[PDB]
Amino acid sequence: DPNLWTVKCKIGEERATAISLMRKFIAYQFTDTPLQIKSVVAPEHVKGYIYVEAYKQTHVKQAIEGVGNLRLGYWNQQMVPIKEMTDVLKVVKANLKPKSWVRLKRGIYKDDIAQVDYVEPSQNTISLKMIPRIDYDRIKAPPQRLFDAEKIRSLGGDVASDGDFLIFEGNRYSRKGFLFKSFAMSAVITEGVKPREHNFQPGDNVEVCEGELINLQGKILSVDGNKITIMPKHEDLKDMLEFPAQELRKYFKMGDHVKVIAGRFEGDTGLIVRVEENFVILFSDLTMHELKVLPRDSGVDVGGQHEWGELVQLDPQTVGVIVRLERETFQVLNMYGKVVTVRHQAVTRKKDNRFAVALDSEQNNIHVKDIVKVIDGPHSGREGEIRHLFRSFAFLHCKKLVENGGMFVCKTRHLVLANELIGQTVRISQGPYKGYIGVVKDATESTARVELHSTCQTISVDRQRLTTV
Amino acid sequence: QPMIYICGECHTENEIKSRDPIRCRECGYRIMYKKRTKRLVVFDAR
Amino acid sequence: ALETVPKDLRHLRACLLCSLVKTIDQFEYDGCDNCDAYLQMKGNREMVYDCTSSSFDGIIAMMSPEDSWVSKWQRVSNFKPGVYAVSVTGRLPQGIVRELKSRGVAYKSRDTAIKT
Amino acid sequence: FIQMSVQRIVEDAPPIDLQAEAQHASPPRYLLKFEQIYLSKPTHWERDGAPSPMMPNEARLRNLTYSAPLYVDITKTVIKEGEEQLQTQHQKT
Amino acid sequence: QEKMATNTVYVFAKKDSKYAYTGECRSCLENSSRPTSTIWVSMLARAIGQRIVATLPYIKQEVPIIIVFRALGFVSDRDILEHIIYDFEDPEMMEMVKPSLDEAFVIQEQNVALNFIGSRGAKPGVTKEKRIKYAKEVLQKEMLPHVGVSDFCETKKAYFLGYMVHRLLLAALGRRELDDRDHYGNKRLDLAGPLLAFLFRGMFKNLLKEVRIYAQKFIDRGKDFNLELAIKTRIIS
Ligand SMILES: [Zn+2]
């Protein structure tokens, strides 16, 4: 049987090389200079070089003569080894739900939270429910805002209304203030959004969830991506076993410190007071406000209308942020910095302006999500993330603050985003240097340094001795 | 504002504005010298 | 001959039966250069779209299949020299396969890909 | 150097004959030989005015390269088929 | 820039080496593209003793001079000695030339000597007739270009190489004295002319080897080509 020999080729022009060698084979197959090679292989995904099937290297060299595209493999050839010749012709070929939330990878809608309105059965795209970032073709010759169909009908351009549904500016589809447009599944980020996966790190205590090895707990020695071959050291066991990720879970007796790796709460820490079936409850270190999370890692009140951290209208003039959920009431941090107790129905849910802009103490533009330092007022010295803005008020969050679930309120002006004689030709009119013309480099209340035009020296004299030109 | 220059070849004072190619309106010569300044110069004779 | 060889890179299609890679002009004008007598796609474009593939991986310029181990592994030793495909995505309909089996030609798949 | 050594260097270089990729279907070449170098005095301007000689002081001031263009005349003679030889000469290349 | 003079024979004696005396003549044609192809004719520094070898360009190992002459075309031995010792009545020359003669009494004809040289070549041929051609090319062009590169210059190259060997023997016997390296008679000065010639020659070859590439890229398809586009005026300047 003949063997395969690597011949280096021009990149991106390997298929054309095989076509030219086949034409060269048929053009000289009856002549006195025959191509004694057997086949030519240029694969689909192997880029840069092709393969010649022959019993000899000299047959390869005398067959590729006259081909310029292989001239970097003309002098020497390398044989594909015998066990590896089948590797030449060898060809190889959850995380997303309806009403879940993803993040688009590109565009102005890059990194924005978007709800999955519809999963396409062909698995090409998903319809996404968004909030548009558009200037309504007025500024174009931005923060998120609700789609005003009357405004885009007023401005005109590419607009087509079909009731609440509307097509605009490149087949952008919108309905009832929200966008509903298909975007590719390869173009969206399906995991870690939190408006399978495995995360195990050496040193954590894990439990065996199934098997004859079930209910062993031990600490992680090492980690791999799938079958972790987690090498746990179980209690009272000096031996290392191997477990696949799917067989494990992150256990924890009550009283140990825990971190929230991913979720609405991620970054927060606490001691777990009670562990339930897959449920785990804990108290945060910043605030004693309760938390219930899954073992691998709700946030909404009973009734589903409101959720912690939301902006509410307390009365016609006063806004606040919900900072504690109770069975009949909320605790709300109002815009003045006081916490009030109100019945769930006594406050109205307020539309948050995610695209709000304000000025900080140094006249910088600040926006929601910005990190600011507090430089005046009661919270001076603190640092926080802007969560909401209203008139002269900013609601901030800092996870280190245990009070009010980390929320606090500051005035925007208490925040910050985290001589005449100089150069004037003078004439010394008194003293030992009298009559010299120079230029004032530095000047004070008393004296001034004069670069003398004549000498190579800068000397200082009194301002009472100088007379300008 | 005027910034009168001097042609290297024909020595002709010719008006040039900012952001224009260095060209002499006659003789096409492309090297220009600026001028002598107007501000006062005081030299000791030492 | 040269009539089997494709003329350009655009619209290259591999056959579903013998993995013969030609352009759509050559399938329209010549049919299959190996087994058109069993398939009869010459004189019909829809027969070509039913009997050729739009997805293929790897090409082989099979010059002498009588003394090729690649033709032994790809099972194309008893064929004619030409441009062949390594992996072919696609399948004939059941009428064509049943008609070939009634003529004594069982349809072996050229999809030799390792699907996961 | 610029009188005779450049001439001998430009003339002793062998002519280049070049074929196709040994066939097309189931190949002629040409010679392209050149000689008789020409050298002109330094010149300076490019697509903005009719070219003018470079003064060395102007080169110093404008950080130009006080260089001179050299020219050759090439004779490419090409044979294809039928035994008909046509040679085209390009002066001042 | 100073350099050692070309086409002249220098007999030196380096202190610590396997050989005592060595005669070199770096050679150049009349400003050819080939660099200084330096050839050394050396004498070992001590059985038999005092064999004469000649390390050759594009040859990995030293080659005894008599093998070089037989490869050059002199089958006999009297003819070879006629090119080295010019007066046969001097037996002191013979007593030192015979230790190199008796080293190579197993090569008697031109082709076996060509094979011997080709085996020592940097690119050893796989067959005999490839080493023959490689060594013939080396003797034709690499060795002693200044005495001539043509169809038949074997007699002139043999005369000059025998002169080099005679010069080495004169230094070995003490009839003459070793040439001085700092003697500025043996030096040459590369002024603007020669330096610009050396550099322009290389750039001109580089220009030609890209005109060729452009020509190939158009004639593989065979439509036509334009020498105006082929010439890359940037490279030389
Ligand atoms: Zn077929």
# chains A, B, ... in the order shown; residues from 1 in each chain; ligands from 1

call {"tool": "residues_near_ligand", "arguments": {"ligand": "ligand 1", "cutoff": "9 Å", "atoms": "only C-alpha atoms and all ligand atoms", "output": "PyMOL selection string"}}
result
chain C and resi 14-21+31-36+38-39+51-52

call {"tool": "write_last_selection", "arguments": {"atoms": "N, CA, C and O atoms", "output": "short mmCIF file (atom, residue, chain, number, x, y, z; two decimals), in the first residue's frame"}}
result
data_model
loop_
_atom_site.label_atom_id
_atom_site.label_comp_id
_atom_site.auth_asym_id
_atom_site.auth_seq_id
_atom_site.Cartn_x
_atom_site.Cartn_y
_atom_site.Cartn_z
N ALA C 14 -21.18 17.29 -4.38
CA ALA C 14 -20.80 15.89 -4.33
C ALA C 14 -22.02 15.02 -4.56
O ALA C 14 -23.12 15.34 -4.09
N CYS C 15 -21.84 13.92 -5.28
CA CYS C 15 -22.92 12.98 -5.49
C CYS C 15 -23.27 12.26 -4.20
O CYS C 15 -22.46 12.15 -3.28
N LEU C 16 -24.51 11.78 -4.12
CA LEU C 16 -24.93 11.02 -2.95
C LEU C 16 -24.54 9.56 -3.03
O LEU C 16 -24.44 8.89 -2.00
N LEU C 17 -24.28 9.04 -4.24
CA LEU C 17 -24.03 7.62 -4.44
C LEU C 17 -22.54 7.29 -4.39
O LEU C 17 -22.10 6.48 -3.58
N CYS C 18 -21.75 7.93 -5.26
CA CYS C 18 -20.33 7.65 -5.38
C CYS C 18 -19.45 8.81 -4.94
O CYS C 18 -18.23 8.76 -5.13
N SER C 19 -20.06 9.86 -4.36
CA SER C 19 -19.38 11.07 -3.84
C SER C 19 -18.58 11.80 -4.92
O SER C 19 -17.55 12.41 -4.62
N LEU C 20 -19.03 11.74 -6.17
CA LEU C 20 -18.34 12.45 -7.25
C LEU C 20 -18.60 13.95 -7.13
O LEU C 20 -19.75 14.39 -7.15
N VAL C 21 -17.52 14.73 -7.03
CA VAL C 21 -17.61 16.17 -6.87
C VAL C 21 -17.47 16.83 -8.24
O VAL C 21 -16.41 16.74 -8.87
N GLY C 31 -24.51 14.54 -16.33
CA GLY C 31 -25.00 13.59 -15.37
C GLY C 31 -23.89 13.15 -14.43
O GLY C 31 -22.98 13.92 -14.10
N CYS C 32 -23.96 11.90 -14.00
CA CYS C 32 -22.91 11.31 -13.18
C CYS C 32 -21.92 10.57 -14.07
O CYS C 32 -22.31 9.84 -14.99
N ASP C 33 -20.63 10.78 -13.82
CA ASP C 33 -19.62 10.17 -14.67
C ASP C 33 -19.33 8.72 -14.32
O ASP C 33 -18.54 8.08 -15.02
N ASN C 34 -19.93 8.20 -13.25
CA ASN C 34 -19.81 6.80 -12.87
C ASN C 34 -21.09 6.01 -13.06
O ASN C 34 -21.09 4.98 -13.75
N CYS C 35 -22.20 6.47 -12.48
CA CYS C 35 -23.42 5.68 -12.40
C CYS C 35 -24.64 6.52 -12.78
O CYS C 35 -25.66 6.53 -12.09
N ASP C 36 -24.55 7.24 -13.90
CA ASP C 36 -25.74 7.92 -14.41
C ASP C 36 -26.73 6.93 -15.02
O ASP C 36 -27.93 7.20 -15.04
N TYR C 38 -27.63 4.20 -13.73
CA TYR C 38 -28.46 3.77 -12.62
C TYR C 38 -29.26 4.92 -12.00
O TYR C 38 -30.23 4.65 -11.28
N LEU C 39 -28.89 6.17 -12.26
CA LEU C 39 -29.52 7.32 -11.62
C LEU C 39 -30.30 8.21 -12.57
O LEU C 39 -31.40 8.65 -12.21
N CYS C 51 -30.26 14.16 -5.99
CA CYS C 51 -29.25 13.11 -6.00
C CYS C 51 -27.83 13.59 -5.76
O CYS C 51 -26.91 12.76 -5.77
N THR C 52 -27.61 14.89 -5.57
CA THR C 52 -26.30 15.41 -5.19
C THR C 52 -26.41 16.15 -3.86
O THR C 52 -27.51 16.39 -3.34
#

call {"tool": "residues_around", "arguments": {"residues": "residue A:5", "least_positions_apart": "4", "cutoff": "6 Å", "atoms": "only C-alpha atoms", "output": "PyMOL selection string"}}
result
chain A and resi 51-52+78-80

call {"tool": "write_last_selection", "arguments": {"atoms": "N, CA and C atoms", "output": "CSV table (one decimal), in the first residue's frame"}}
result
chain,number,residue,atom,x,y,z
A,51,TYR,N,-1.7,16.6,0.7
A,51,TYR,CA,-1.2,15.2,0.8
A,51,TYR,C,-1.1,14.5,-0.5
A,52,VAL,N,0.0,13.9,-0.7
A,52,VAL,CA,0.3,13.1,-2.0
A,52,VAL,C,0.5,11.6,-1.6
A,78,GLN,N,7.6,15.2,3.8
A,78,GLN,CA,7.4,14.5,5.1
A,78,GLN,C,6.3,13.5,5.0
A,79,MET,N,6.5,12.3,5.4
A,79,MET,CA,5.5,11.2,5.3
A,79,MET,C,4.6,11.2,6.5
A,80,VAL,N,3.3,11.2,6.3
A,80,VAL,CA,2.4,10.9,7.3
A,80,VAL,C,2.6,9.5,7.9

call {"tool": "interface_residues", "arguments": {"of": "chain A", "to": "chain E", "cutoff": "12 Å", "atoms": "only C-alpha atoms", "output": "list in words"}}
result
residues 20, 66, 67, 68 and 69 of chain A

call {"tool": "write_last_selection", "arguments": {"atoms": "C-alpha atoms", "output": "PDB file, in the first residue's frame"}}
result
ATOM      1  CA  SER A  20      -4.700  21.539 -11.026  1.00  0.00           C
ATOM      2  CA  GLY A  66       5.971  22.750 -12.392  1.00  0.00           C
ATOM      3  CA  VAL A  67       3.412  23.467  -9.655  1.00  0.00           C
ATOM      4  CA  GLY A  68       4.299  26.835  -8.142  1.00  0.00           C
ATOM      5  CA  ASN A  69       1.768  26.663  -5.295  1.00  0.00           C
TER       6      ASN A  69
END

call {"tool": "atom_distance", "arguments": {"atom1": "atom CA of residue B:4", "atom2": "atom CA of residue B:16"}}
result
6.6 Å

call {"tool": "residues_around", "arguments": {"residues": "residue E:27", "least_positions_apart": "2", "cutoff": "7 Å", "atoms": "only C-alpha atoms", "output": "ChimeraX atom specification"}}
result
/E:6-7,25,29,36-38,144-146

call {"tool": "closest_residue", "arguments": {"among": "C:87, C:92, C:56, C:69", "to": "residue A:82", "atoms": "only C-alpha atoms"}}
result
C:69

call {"tool": "interface_residues", "arguments": {"of": "chain D", "to": "chain A", "cutoff": "12 Å", "atoms": "only C-alpha atoms", "output": "ChimeraX atom specification"}}
result
/D:18-27

call {"tool": "closest_residue", "arguments": {"among": "E:115, E:32, E:185, E:139", "to": "chain D", "atoms": "only C-alpha atoms"}}
result
E:32

call {"tool": "closest_residue", "arguments": {"among": "C:68, C:103, C:63, C:111", "to": "residue C:80", "atoms": "only C-alpha atoms"}}
result
C:63

call {"tool": "select_by_dssp", "arguments": {"residues": "chain B", "states": "strand (DSSP E)", "output": "VMD selection string"}}
result
chain B and resid 5 to 7 13 to 14 32 to 33

call {"tool": "write_last_selection", "arguments": {"atoms": "C-alpha atoms", "output": "PDB file, in the first residue's frame"}}
result
ATOM      1  CA  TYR B   5       7.225  84.741   5.070  1.00  0.00           C
ATOM      2  CA  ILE B   6      10.332  84.982   2.883  1.00  0.00           C
ATOM      3  CA  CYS B   7      11.053  82.928  -0.217  1.00  0.00           C
ATOM      4  CA  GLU B  13       7.598  88.702   0.985  1.00  0.00           C
ATOM      5  CA  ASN B  14       4.452  86.710   0.250  1.00  0.00           C
ATOM      6  CA  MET B  32      10.373  79.642   3.227  1.00  0.00           C
ATOM      7  CA  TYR B  33      12.063  81.598   6.013  1.00  0.00           C
TER       8      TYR B  33
END

call {"tool": "select_by_dssp", "arguments": {"residues": "stretch 8-109 of chain C", "states": "alpha helix (DSSP H)", "output": "number ranges by chain"}}
result
C: 24-30, 36-39, 45-51, 69-73, 94-102

call {"tool": "interface_residues", "arguments": {"of": "chain D", "to": "chain E", "cutoff": "9 Å", "atoms": "only C-alpha atoms", "output": "PDB file with C-alpha atoms, in the first residue's frame"}}
result
ATOM      1  CA  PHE D   1      31.331  52.985 -10.002  1.00  0.00           C
ATOM      2  CA  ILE D   2      28.501  54.941 -11.643  1.00  0.00           C
ATOM      3  CA  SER D   5      30.748  49.095 -12.592  1.00  0.00           C
ATOM      4  CA  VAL D   6      26.991  49.651 -12.589  1.00  0.00           C
ATOM      5  CA  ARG D   8      28.908  45.692 -15.940  1.00  0.00           C
ATOM      6  CA  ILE D   9      26.689  44.633 -13.019  1.00  0.00           C
ATOM      7  CA  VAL D  10      23.527  45.385 -15.004  1.00  0.00           C
ATOM      8  CA  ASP D  12      26.380  40.473 -16.707  1.00  0.00           C
ATOM      9  CA  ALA D  13      23.123  39.445 -15.035  1.00  0.00           C
ATOM     10  CA  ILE D  16      15.513  34.985 -17.244  1.00  0.00           C
ATOM     11  CA  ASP D  17      13.476  32.422 -19.188  1.00  0.00           C
ATOM     12  CA  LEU D  18      10.215  31.282 -17.635  1.00  0.00           C
ATOM     13  CA  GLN D  19       7.725  28.557 -18.564  1.00  0.00           C
ATOM     14  CA  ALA D  20       4.201  27.678 -17.497  1.00  0.00           C
ATOM     15  CA  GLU D  21       3.407  24.897 -15.006  1.00  0.00           C
ATOM     16  CA  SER D  67      19.773  60.919  -5.498  1.00  0.00           C
ATOM     17  CA  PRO D  69      17.347  58.217 -11.270  1.00  0.00           C
ATOM     18  CA  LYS D  76      11.693  41.228 -24.036  1.00  0.00           C
ATOM     19  CA  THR D  93      12.767  51.878 -18.119  1.00  0.00           C
TER      20      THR D  93
END
